[PDB]
Structures are given as C-alpha cells and as structure tokens.
C-alpha cells in the first residue's frame, strides 16, 4: 500500500485514519482540486478501484510531475536515476536544479521531483537545500516507489489551474477533498469559502483549528487542533 511519493509538511498520509472512515456513502467520483502530494487520492484509488479520480493543482511544476509520472514513467525514473548517480554533491545538485528556468513537462517533472526530495520540507522557498533530505529522503527506495505510483495513477484525470473548475464541474455522486494552504501571493480563504458555499457536490476541507476558520465556515459542519469541515453529517 503506497502512502506518499512527494514530501509536503501539510501531507495527509498520517490523517488518513481520520479521513477514510468519513468519506460519503456511494461516491463514484473523487476530486482533489488542490492535490499537492495527493496522499488521499493515492489511498482512495487503492481502496476503491472503480471511482473516477480527478486531481488539480495551481502549481504547474507539480502537475508536470504528476502528468509525466502517469504518461512517461520509464523515462522520468531513468532521468531521475541518472541524475542521482552523477551528482554525488547535493549542494551542487541543488544549485544546478534551482538555476534552471522554463522547460517542457518532462524537464519540469525531473526538476520538481528531485527538488522535492533534496529540500528542507519539499519546497525551495520554505527552507531551501537540506543535506539531511539529500542523504535520507533522495533515496533509491523512494525512486523505486515511482513505478508503483505510476500504475496507481494511470487513469487519473490531471489538470493545472484554480480549484474552482473541479468545484463546479457537473457530475454524479461526486466527493471533493480540499486541503488548502494553511490559514494566515497568499491563498484567498474568503474566495475559497464563497465558492465552496455554492459547490453542488459533497466536500470535506482540512484546516488547522482557528477562530477565524470556525467563523468563515460557521455555515458548515465542523468536526475536531485539526478540523474536518463538511456539508454532509459524519
């Protein structure tokens, strides 16, 4: 049972024991419109094989990764493996990857995956290069899991852009799992709350407990410092 291919501090692989038992009954379509590492998407596909899965993110480089893992896994794994073999100095690997700009999907996928493994917590901007990540997270064992990951996600629909599209796309027995950037360009929580109120599907939001979040989502069901916010009774 594959848990994670990507490292995110706000990853939900540990929260699954709380999330999975509280999915709505009979959902046939799963949407993750802010997928990031997609712990929940990976878990749902492995526990419910007949569900249609749609994942989305605003982060173009992250979506290049997911599309290239789905569509081009052999080439992606081989290029990542070659770079791991050739760049024995992690700081020089970092400097090489961070100095690249632009690229097609494949180049973006390779760069995104390796930066995810060699950074402090998965991103350049939130702690930069970590020698500890380079030695203990950028491992053959993590690379080895990409082939199984590519198999799990083969029939995923994958898009880049705003979460609104998957909120409002018509469909039947749709469940939407939302894990926004934590509550403080920064994420517009007011726009999010405004759009989710009009979402015609069943949804669950994960937020850190805050009075500001309790107030913004007073209209909804809040369950207990982590919150599950839903429009269906658990």
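Positions refer to the first chain, counted from 1.
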Which class describes the count of deposited residues lacking coordinates between residue 224 and residue 225: none, 1 to 3, 4 to 9, or 10 or more?
-> 10 or more
Size class of the missing deposited segment between residue 184 and residue 185 = 10 or more
Looking only at C-alpha temperature factors in the entry, 146-154 or 108-116, the higher average sits in 146-154
What stretch has the higher average Cα B-factor here, 19-27 or 209-217?
-> 209-217
Based on the PDB record, which member of 137, 84, 91, 160 exhibits the highest Cα temperature factor?
-> 91
Could you say whether, by C-alpha temperature factor, residue 165 belongs to the lowest, middle or highest third of its chain?
-> middle
State the tercile, meaning the lowest, middle or highest third, of residue 54 with respect to the CA B-factors recorded for its chain.
-> lowest
Residue 66: which third of its chain by C-alpha temperature factor?
-> lowest
Could you say whether, by C-alpha temperature factor, residue 34 belongs to the lowest, middle or highest third of its chain?
-> lowest
Once the chain's modelled residues are ordered by C-alpha B factor and cut into thirds, is residue 177 in the lowest, middle or highest one?
-> lowest
